[PDB]
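K.L.:
Next up is a structure, given as structure tokens.
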Amino acid sequence: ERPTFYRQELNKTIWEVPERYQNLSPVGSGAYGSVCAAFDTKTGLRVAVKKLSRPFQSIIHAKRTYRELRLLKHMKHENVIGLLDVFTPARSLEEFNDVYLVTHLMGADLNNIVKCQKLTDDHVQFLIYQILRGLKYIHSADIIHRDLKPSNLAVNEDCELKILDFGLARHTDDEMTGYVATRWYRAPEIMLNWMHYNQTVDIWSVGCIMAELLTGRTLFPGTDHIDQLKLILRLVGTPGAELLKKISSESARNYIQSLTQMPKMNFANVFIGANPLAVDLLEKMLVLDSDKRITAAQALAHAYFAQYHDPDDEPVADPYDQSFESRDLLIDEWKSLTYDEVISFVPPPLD
Ligand SMILES: C[S@](=O)c1ccc(-c2nc(-c3ccc(F)cc3)c(-c3ccncc3)[nH]2)cc1
Numbered sequence: 004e005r006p007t008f009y010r011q012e013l014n015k016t017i018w019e020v021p022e023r024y025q026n027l028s029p030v031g032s033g034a035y036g037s038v039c040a041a042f043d044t045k046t047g048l049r050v051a052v053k054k055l056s057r058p059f060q061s062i063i064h065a066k067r068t069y070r071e072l073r074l075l076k077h078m079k080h081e082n083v084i085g086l087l088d089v090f091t092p093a094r095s096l097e098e099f100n101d102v103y104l105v106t107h108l109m110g111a112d113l114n115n116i117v118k119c120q121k122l123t124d125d126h127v128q129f130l131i132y133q134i135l136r137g138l139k140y141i142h143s144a145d146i147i148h149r150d151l152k153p154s155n156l157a158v159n160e161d162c163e164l165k166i167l168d169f170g171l172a173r174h175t176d177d178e179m180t181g182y183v184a185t186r187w188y189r190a191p192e193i194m195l196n197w198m199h200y201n202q203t204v205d206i207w208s209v210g211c212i213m214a215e216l217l218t219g220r221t222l223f224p225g226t227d228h229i230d231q232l233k234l235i236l237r238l239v240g241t242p243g244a245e246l247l248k249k250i251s252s253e254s255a256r257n258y259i260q261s262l263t264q265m266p267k268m269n270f271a272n273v274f275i276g277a278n279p280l281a282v283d284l285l286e287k288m289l290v291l292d293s294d295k296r297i298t299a300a301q302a303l304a305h306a307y308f309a310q311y312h313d314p315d316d317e318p319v320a321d322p323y324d325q326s327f328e329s330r331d332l333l334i335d336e337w338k339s340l341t342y343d344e345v346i347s348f349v350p351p352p353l354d
């Protein structure tokens, strides 16, 4: 590495980036840092360059920073966000304090394309197909997204989709109160912390997204946790003895049982006029018991994606080492590991 870095101040934010990145224009800011749009002269792509505020200000922040880089450094799939570059103007680990992440500039998210209508079956087939393809890859690496929602799905003009902003990072809390979309896509068990969730929590999310692409309406727009749980059970039915056994909190089990029992509803009478195939997949995705939900790899083989499925074009990931997740390190140690990951970044090829 080590090119020539030039520095400038845009929106009172200092940016020290290599010369390959030109014509930087602020495009977002916040506690996390700031994001810029720029032109990458070496790849010819319009990229987003994110400058992380002060990444090593606590053991938890330095950890989340290490986690983000590792995650992004690992993701190599067409339908998943990838890392184009990572740099720091620092010449040594001593002065290493700033981390910049560079990725393809994402324009519109799914929450724009759809919020503006109810789509055609072929569009739903395609968009959900890609979400599942990327999810098969992610899950195959033992990664659970945990926060799949329209706003976390970049979609271009050609209806090509990429899975973004991974949940794996920021502790699940704070912004899930009330009438908020940040919770309408969550599986009941992760939402009410009934049990230790598995990868199928992401599948429940795809179902919510898919159903919303078909009807043009939010499937479970609860005004709060309980109101949402209620909406869910009305459609999916209340838990039975088998699932109840798996809910660990005794008050949670006690609460569930205070509810009048309800049978699963007829989905064809909910998703009126939808491709029967779409209806069937939804029923296999929105299953209360996470253990009986369909897996991404299984969903891809569903007759609903007959027009796009090709087992030879749905790759899985290289093994992802998350041992660090259980490692007990000091800030400087998380900071050193991050630096190593930065220093060692090898760019994706141009072809
Ligand atoms: C925690 S906060 O709400 C927050 C919001 C946005 C981002 C955020 N981080 C990136 C971003 C930049 C470079 C990368 F390599 C990876 C992600 C983007 C981005 C990606 C593609 N096109 C436009 C913007 N948005 C990070 C934190």
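For the sequence shown, full-length UniProt numbering gives the first residue as 4, with consecutive numbering after it. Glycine included, each C-beta is placed from N, C-alpha and C at the ideal position.
Cβ of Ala271 within 9 Å of Cβ of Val282?
P.N.:
The answer is yes: Cβ separation under 9 Å.
K.L.:
Can you give me the C-alpha to C-alpha distance between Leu333 and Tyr140, rounded to a whole angstrom?
P.N.:
Each residue's alpha carbon lies about 32 Å from the other.
K.L.:
Helix, strand or coil, according to DSSP, for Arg149 in the structure here?
P.N.:
Coil at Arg149, not helix or strand.
K.L.:
Using alpha carbons as the reference points, say which of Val105, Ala320 and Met213 lies closest to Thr221.
P.N.:
Nearest option by C-alpha distance: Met213.
K.L.:
Using a Cβ-Cβ cutoff of less than 8 Å, which residues in the same chain neighbour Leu87 once the five nearest sequence positions on both sides are dropped?
P.N.:
Contacts found: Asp43, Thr46, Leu48, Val50, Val105, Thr106, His107, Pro350 and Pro351.
K.L.:
Where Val290 and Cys39 are concerned, what is the direct C-alpha to C-alpha distance, given to the nearest angstrom?
P.N.:
Those two C-alpha atoms are separated by around 41 Å.
K.L.:
Would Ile166 and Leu195 be called neighbours here (beta carbons separated by less than 9 Å)?
P.N.:
No; because the gap between Cβ atoms is not below 9 Å, this pair is not in contact.
K.L.:
Going by Cα to Cα distance, which pick from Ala93, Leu234, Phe59 and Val30 is closest to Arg10?
P.N.:
Answer by Cα proximity: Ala93.
K.L.:
Using 8 Å as the cut-off, classify the Cβ of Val52 as near or not near the heavy atoms of ligand 1, replying yes or no.
P.N.:
The answer is yes for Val52.
K.L.:
Thinking C-beta only, is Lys54 closer than 9 Å to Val102?
P.N.:
Their beta carbons are under 9 Å apart, which means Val102 touches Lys54 by this criterion.
K.L.:
Any contact between the region 120-140 and the region 161-177? By contact I mean 3 or more CB pairs, one from each, below 8 Å.
P.N.:
A contact exists between the region 120-140 and the region 161-177.
K.L.:
The beta strand (DSSP E) that contains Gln25, what's its start and end?
P.N.:
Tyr24 to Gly33 is the span of the beta strand (DSSP E), which, as asked, contains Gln25.
K.L.:
With DSSP collapsed to three states, give me the class of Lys53.
P.N.:
Here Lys53 sits in strand by DSSP.
K.L.:
Count the CB pairs spanning the region 68-76 and the region 323-340 that are closer than 8 Å, and state whether there are at least three.
P.N.:
Contact between the region 68-76 and the region 323-340 is present, because at least three Cβ pairs lie under 8 Å.
K.L.:
With C-beta atoms as the reference, is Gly225 less than 9 Å away from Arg186?
P.N.:
Contact: yes.
K.L.:
Measuring CA to CA, which of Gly31, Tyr35, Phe8 and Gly36 is closest to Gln25?
P.N.:
Out of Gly31, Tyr35, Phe8 and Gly36, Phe8 has the C-alpha closest to the C-alpha of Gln25.
K.L.:
Scan the region 235-296 and note each continuous alpha helix (DSSP H) run of 4 residues or more that stays entirely inside, going in chain order.
P.N.:
Those alpha helix (DSSP H) runs which fall completely within the region 235-296 and span 4+ residues are 244-249, 253-259 and 279-288.
K.L.:
Per DSSP, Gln11 forms a beta bridge with which residues?
P.N.:
In the DSSP output, where bridge partners are listed per residue, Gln11 has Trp18.
K.L.:
Is DSSP giving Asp101 helix, strand or coil here?
P.N.:
If DSSP states are grouped into helix, strand and coil, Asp101 belongs with coil.
K.L.:
Nearest to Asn159 by alpha carbon, out of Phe129, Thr241, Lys287 and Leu353?
P.N.:
The shortest Cα separation from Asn159 among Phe129, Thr241, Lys287 and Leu353 belongs to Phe129.
K.L.:
With the cut-off set at 9 Å, would you say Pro191 and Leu232 are in Cβ contact?
P.N.:
Yes, the Cβ-Cβ distance between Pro191 and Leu232 is below 9 Å.
K.L.:
On the three-state DSSP scale, how would you describe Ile84?
P.N.:
Looking at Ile84 - three-state DSSP - the assignment turns out to be coil, as it is neither helix nor strand.
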